[PDB]
Amino acid sequence: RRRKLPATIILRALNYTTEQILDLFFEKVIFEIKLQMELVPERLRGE
Amino acid sequence: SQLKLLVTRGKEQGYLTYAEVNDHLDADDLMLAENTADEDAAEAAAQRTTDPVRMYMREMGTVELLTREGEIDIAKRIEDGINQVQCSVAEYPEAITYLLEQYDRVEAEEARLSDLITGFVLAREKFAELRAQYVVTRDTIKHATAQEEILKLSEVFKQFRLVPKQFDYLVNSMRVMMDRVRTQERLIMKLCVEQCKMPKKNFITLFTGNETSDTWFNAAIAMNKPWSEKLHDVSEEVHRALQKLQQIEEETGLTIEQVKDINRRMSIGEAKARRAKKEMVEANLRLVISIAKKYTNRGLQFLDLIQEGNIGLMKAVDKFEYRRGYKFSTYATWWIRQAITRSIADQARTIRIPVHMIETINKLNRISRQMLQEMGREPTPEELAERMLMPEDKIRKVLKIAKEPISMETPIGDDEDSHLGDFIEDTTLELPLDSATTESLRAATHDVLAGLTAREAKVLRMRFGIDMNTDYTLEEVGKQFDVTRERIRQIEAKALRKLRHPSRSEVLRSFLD
Amino acid sequence: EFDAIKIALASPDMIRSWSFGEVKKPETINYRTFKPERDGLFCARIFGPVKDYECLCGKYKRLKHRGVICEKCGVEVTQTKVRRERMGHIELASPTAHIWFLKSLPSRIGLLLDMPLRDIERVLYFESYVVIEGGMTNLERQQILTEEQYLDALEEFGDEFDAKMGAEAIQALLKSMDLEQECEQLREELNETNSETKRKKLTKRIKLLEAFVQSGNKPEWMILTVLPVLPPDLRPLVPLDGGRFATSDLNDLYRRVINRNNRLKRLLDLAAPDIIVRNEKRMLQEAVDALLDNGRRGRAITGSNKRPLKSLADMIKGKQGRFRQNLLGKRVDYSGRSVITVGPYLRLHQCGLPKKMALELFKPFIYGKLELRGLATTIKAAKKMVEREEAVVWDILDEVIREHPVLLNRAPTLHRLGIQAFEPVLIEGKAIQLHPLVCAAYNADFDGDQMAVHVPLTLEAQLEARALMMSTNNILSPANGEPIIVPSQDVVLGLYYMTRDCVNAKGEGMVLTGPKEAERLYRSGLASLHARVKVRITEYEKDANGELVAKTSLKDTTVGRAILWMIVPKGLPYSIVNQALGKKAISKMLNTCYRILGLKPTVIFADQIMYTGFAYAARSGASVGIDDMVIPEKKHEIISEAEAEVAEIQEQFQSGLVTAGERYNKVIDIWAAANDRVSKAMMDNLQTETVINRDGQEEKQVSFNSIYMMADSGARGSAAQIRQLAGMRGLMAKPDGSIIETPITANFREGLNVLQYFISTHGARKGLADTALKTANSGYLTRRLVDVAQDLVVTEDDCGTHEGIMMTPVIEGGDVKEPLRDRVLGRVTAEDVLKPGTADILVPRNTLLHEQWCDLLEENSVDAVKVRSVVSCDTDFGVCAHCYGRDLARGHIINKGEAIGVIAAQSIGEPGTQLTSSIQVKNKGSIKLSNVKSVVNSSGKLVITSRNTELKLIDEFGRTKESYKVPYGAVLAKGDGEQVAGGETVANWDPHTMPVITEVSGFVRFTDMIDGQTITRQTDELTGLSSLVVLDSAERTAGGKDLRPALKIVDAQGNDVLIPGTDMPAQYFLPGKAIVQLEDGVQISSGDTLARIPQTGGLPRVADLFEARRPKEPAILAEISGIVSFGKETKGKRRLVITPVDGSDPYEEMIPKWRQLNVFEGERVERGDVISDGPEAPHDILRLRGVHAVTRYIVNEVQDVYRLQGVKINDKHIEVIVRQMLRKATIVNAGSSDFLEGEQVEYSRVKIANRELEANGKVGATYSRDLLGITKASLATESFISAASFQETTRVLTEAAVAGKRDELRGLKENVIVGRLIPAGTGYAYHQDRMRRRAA
Ligand SMILES: CCC[C@@H](C)[C@H]1CC[C@H]2[C@@H]3[C@H](O)C[C@@H]4C[C@H](O)CC[C@]4(C)[C@H]3C[C@H](O)[C@]12C
Ligand SMILES: CCC[C@@H](C)[C@H]1CC[C@H]2[C@@H]3[C@H](O)C[C@@H]4C[C@H](O)CC[C@]4(C)[C@H]3C[C@H](O)[C@]12C
Ligand SMILES: [Mg+2]
Ligand SMILES: [Zn+2]
Ligand SMILES: [Zn+2]
């Protein structure tokens, strides 16, 4: 209950890189080239 | 900026949480919180650690530790300093005369031989040699060869080692003599310069070079200048100062410029000693703080312990020599521990307990701990006396020490935040009924004493201080009544007998019991 | 003896003058002999001898040689109490700053030096140097020079350079500072260019420099050089039983200060390194700071018990300080307490006192009597006699008690009736007997309560108790005029049972000769207490100037009424007792007796009523059984029907026909209806019974059921409790505030099961907690109310003013809920009450309106009077008796000296714990329209053309009975000047969309209307019509954004139609989001809708209404009369400008666009009108409307909170608090006075200042009144002794000391602290005489 700090700091304090953090907390989409994208029907719930 | 956002939020809501204030922001945090509550304005809106210990740590930090050789140089510096002042004071004449007079007084059995001197670089033989040199040198003041004789006298005087107390006494005596000379000189300068605008150039030309005769002032009065004419009005005080200076010159037996140069060298040496000692202590502050962390909960606050430790270090650094080779961290810890322990034993409890009694209490506590661990249950006063070698009454007396006074604000009510001090009564107040009884007794005595011949009433009021300013004896009331100490006793006895039987004194019987 | 108190700063010379010696050692006492040490904190030389007339050694130990200083010890031979009066001093080695003048919020030191507080702190803690009068060497005074900067500046400067560090630098700064010259410089600055804050800051600086110059202090006195030492006996080291001691925390703090000071003095001789001396000086500053105030700058120093030590400051402030714990309330001699019992045999003026308590409390009186009568010779014999409790002692005690009042008090003293004086009657036992009728005054029940008893000592105190506080003097409440001595619960039941007829009782139809025969028949068993008979009654009337003429006639009554008539005094009629006599009939009876006859007959009557009620309640033998709780026979049917309906609703919802948010409400309504039906059936079955008969036929009569009798008479209970006993327990709530849908369908005659009881517990816990919280809040409100308005006192007989409030009945739309009699009774008319026919004066002037005048006014049917009020009183420093009214507790015009502020505060705070479209007329009268412009619409009826139209129903008697508000543009069936019948809806309107309507008829053309710049194309597909919707400024293009839609009216001849009666063109600038429906060229009838524009309570309401808080969205009022206009748009908020008819127009306000304005830019408005709509503000009303309008808004807005809960208090008490709220005036023009332009001054001072000045050859100063809250208005006290009592002590003493303030005790809270007579009551004459002699 001391002065507030951004949460991600602690993640870095556990020896986590930014790429690893984004991998843990987020999903990803990909593209191919021209400029073709692999469509996943479920993801596009609003488009 | 950041404070402005928190203030805006607080104004909008009228209240704030600890987390919000802390994020948007130990002693600095408390100070900021206190400032924020100010509004619930302009001064607070516009508005290091404040801990006396953190600032001390900061100010100490800007220091460099000393290695083994790092002390040696400093040490030698100190010696040079002291050596210099010795050579500065070896030339003072009156010092040797005072030493000889004190030695003669000691020889008159007024003090121990050894207390006078801490040896030399045998004591009676060296004193005899010193006396011989003094007698052969004092009677040869004749200028041409006297300087070499005085130099030899001082050189042989150097072989001696003097007690610090009397050496410091001689130094202080020389200092006060120089202070008197300088005060007279300053009075002369103020009465001649400020009062008459006497140029400094004339003072240098005349005062300097001789500084003994009155030609520098008396003969300058006819220089044909306004300051010379104005010096007539203040010529009396300047002449008196000149006479005092001439008298002092006899004592000094030296040129005042030489005295000034000697004092300058002494001051330089003293400053060198001082700077060396400061450099040494600044480094050793770390040792002082390191030692004084084993006495935290003893009644003294950490900083007081640190300051007492600093006194001990300053004493050691003055009593440390590199001949022995003790790494300071071994000759110094002892003084630090001694000082801290004595200070704790002198200013740690409100009702002061002497040092020896503190040691006795600590020893008793240690023995009690050992006994409790060993036997298992507890030691009793008889067993404590047996194990501690005491009459078993001293043990009880030591156990009866008053411990530590209870804070008078200790919340004891537990129902209305009552304090222990609300339940302590005033035991010296006189009950209102006893005051009324005293007044009634006075009235009864006044009533009864009016029922006998005026002479008897006067005698009884004279003997017993009834309404009188003070008591009186038989002979004084006899002087009052022109009789001698016998008829007065008889009349007093008659009156007491008259008041004795009932029907004349019955309410008094009621007062009696 | 002194008559004033002065406060200032102490010079070192002054501190050395107080002291008798210097404390040099930190020692207190020897650990072996326990004697004071030498030069220690407890020293006999410095502070005096330890025992009366005795040196420390003992060589001098007699009174005979007093005043001599023993040579061995040096201890003066005097009284030991002198140790309680002598101070010492400690000469600090180095100066120390005073924490009060450093860490205060304004930071007096920094303010005076004009330096930031952080600079001062860092220089204090030996961080950076400061240049003091550096000189012409390129240095600036008060410049921070860190160690390195100072070192490099010292080089190249052979001059001294005048730089220092620590508190010595601050002291040198303060001592060098010159105040007159700096004040002159600041005057020069103020003369030249002025900025928004530059002029303000320079004025503040010059003013505070002037104040400090005039106070007589010197700045350098803020830096301590000598420290005073408190006398030893106020910080005692006292032996406790055993070898233990107890000591005050001040001994520790003084020991620390002395230890560090001595260590520093020792250290400065060793020539230590500067690090050490700097640390020592920092520690010394810290220790002195901790001593003066611990826990304010850093961390609080703690002791062995690991608690923060109490400092000197901590001994003054707080609820446990000298100012509050001991000076305003303390323990008292000659007092006792005990449990209270009933004692129903007593008289209203006497109580029952145990013999043991009476013997203990009156001991000195008994000693005096025994000695006087010769029973005892000395006081010791008397003591022994009373200790043995001989026989003569009790006769002496009975003689002492004869006529000696005692004050009885109960702990929660909410009003002044919580202390009352009674005459003791000695009883056996150990409980106090309290008269029943007084219980309600104390709020006391006999289930374990306790009372305290005090005995007045002096003749004056006894006479005050007999004449002011006696229980027979306080029979009327002081909050209103109603009696507070009403019989409560069992007297009421007895009198109800006695006077309660029955259909066919024994001895019915008899004809008695009077009350005596009725009692003789009832008592011998020949008649029933309720048998309808004819009795010859003789009653007296004051149909003369007090003559009591008699009339004898045969009344038709019962035996009970005839018997009860024996106790009624002469003047009253027989119709008072000729009824059922519930709870309120008895109170009306007592009130009638008091007003007609007086005080003594009322007291006698009340006692007789109590006795008769108790006797006949016992006689009836009324009990409570389980058969008295009659459950309805149809309850099961009602519950089953409700179950069926709710089940049908649930299954309908299961079919997806209704949203759950609506089925919930449907179920709630079903259960509410079922509960109402069950309650109605129960009450119908329980309130009537069949009896037979004079001839033999069934006849109904009111029930004699016991529960119904208790509820109906008002003795105890209600319809809700009976509903829970025999109906159904009802509908419970939830912790979230929701109402659980399924109710408790069981009563208490039947049992609850586990779940129903669980819900009941949910409710009960919350009830208890809420009670506790309400009791907590209602005390804080009362404390604030007393603090703000304590010193108000009646101090004049007539100010002569001709102004006052306009009293008229209060009407909330429909019926009237407070007649004129309640609001006008007991006040003083400010103007002649002309007859409603305007013939002659009905009530001349300055006539206290008592009951007769109120009856006269009611008879003539006047509905508006002008009554003098406190808030408009011309008296200075107090109020006059004529502008107040009458006492309300004595019945006559209030007396001079009476403290009305405390009474007002107590009356307002005492009831705190209790408190938690279309228009249809209703009577046959005449419609009267006020503030409305009329016109005839196309239909031929009358349409309102105003925003403040008021409709009143003036009956044939000319009295208003129904007041209604009608919005703009409503069709009226009838109008003014035409009689109407009942049930006629004289007005109706559409409460939707917008009331935008036109005023004339004719062809409409879209003047200054371009498509694509101000409108959008949205055709009405449903109807096929084309409508031009006006978009907003943002969406529309800039091509025509500045243009507005104007629809001019034209004719078929091509001319222009203008506004009738004026040449102003007829254009309507419609705002954004306006749907234009009608096309151009389509004639419109009058009033056509051009555009269909779319769209607390309880105690906290009272507390936030006396604090003058501003609501969330205050409705905007018209700042100035003039044509409304607009300026630059969308500059954060919409801008509006009002241009007067001729006057300048410097007013412009950033009105937010969110607010839905109710005025168009082409419509003039006068000041005080509403532009927006919403809650009003208390401050805006005072500024726009006079003082009489803000007071009216308050005395009516807080009286609504009390009326809902049934609490009634007089309006006098709310106008007393308001008078103290708006008490400061702000000056606008200085005039020929000596007042600054922008200054706040007491309104009393400015009023008299220009009054005398105007009488001379000068001109007075204008001003504007200001309104504050009760917490901000109580901080403007002009005495620093009453202010420190309830404000922050540290702030008040710090500012009063620098200002050199002196206060002459003139209030009620200051003479209590000092211990002299208050200037309010019996002490009012004493103070006036003192002022008279002092003036001489
Ligand atoms: C929370 C309240 C604490 C308070 C009730 C406790 C805490 C310490 C207790 C005192 C101390 O022991 C010192 C004394 C010892 C003697 O033998 C009896 C008296 C003496 C004052 C004690 C009484 C009491 O028991 C005290 C005040
Ligand atoms: C529940 C509160 C306890 C309180 C009523 C009891 C518990 C301990 C009692 C005090 C201590 O004994 C220390 C002192 C002893 C002296 O002899 C008389 C005074 C002294 C303060 C006592 C008065 C009182 O009786 C105390 C506070
Ligand atoms: Mg109770
Ligand atoms: Zn003595
Ligand atoms: Zn008045």
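Since chain B takes its numbers from Swiss-Prot, the residues it shows come out as 7-31, 61-82, 93-166, 216-236, 242-612.
Each residue, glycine too, has its Cβ placed from N, Cα and C.
Feature annotation (Swiss-Prot): of B:328-343, B:360-375, B:584-599, the stretch labelled region 'Interaction with anti-sigma factors' is B:584-599. Swiss-Prot assigns the feature motif 'Interaction with polymerase core subunit RpoC' to one of the listed ranges (B:97-100, B:403-406, B:435-438, B:455-458), namely B:403-406. When the ranges B:493-512, B:513-532, B:533-552, B:573-592 are checked against Swiss-Prot, the one recorded as DNA-binding region is B:573-592. In the DNA-binding region (B:573-592), helix, strand and coil residues by DSSP number 15 helix, 0 strand, 5 coil. Residues 101, 387-388, 391, 394, 439, 442-443, 446 of the same chain lie 6 or more positions beyond the ends of the motif 'Interaction with polymerase core subunit RpoC' (B:403-406) yet place their CB under 8 Å from a CB of it. Listed in sequence order, B:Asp570, B:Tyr571, B:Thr572, B:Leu573, B:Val576, B:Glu591 are the same-chain residues at least 6 apart in sequence whose CB falls under 8 Å from the CB of B:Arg562 (site 'Interaction with anti-sigma factors'). Under DSSP, B:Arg562 (site 'Interaction with anti-sigma factors') is assigned to a helix (H, G or I) in the three-state scheme. In terms of DSSP helix, strand and coil, the region 'Sigma-70 factor domain-3' (B:458-534) has 39 helix, 4 strand, 34 coil.
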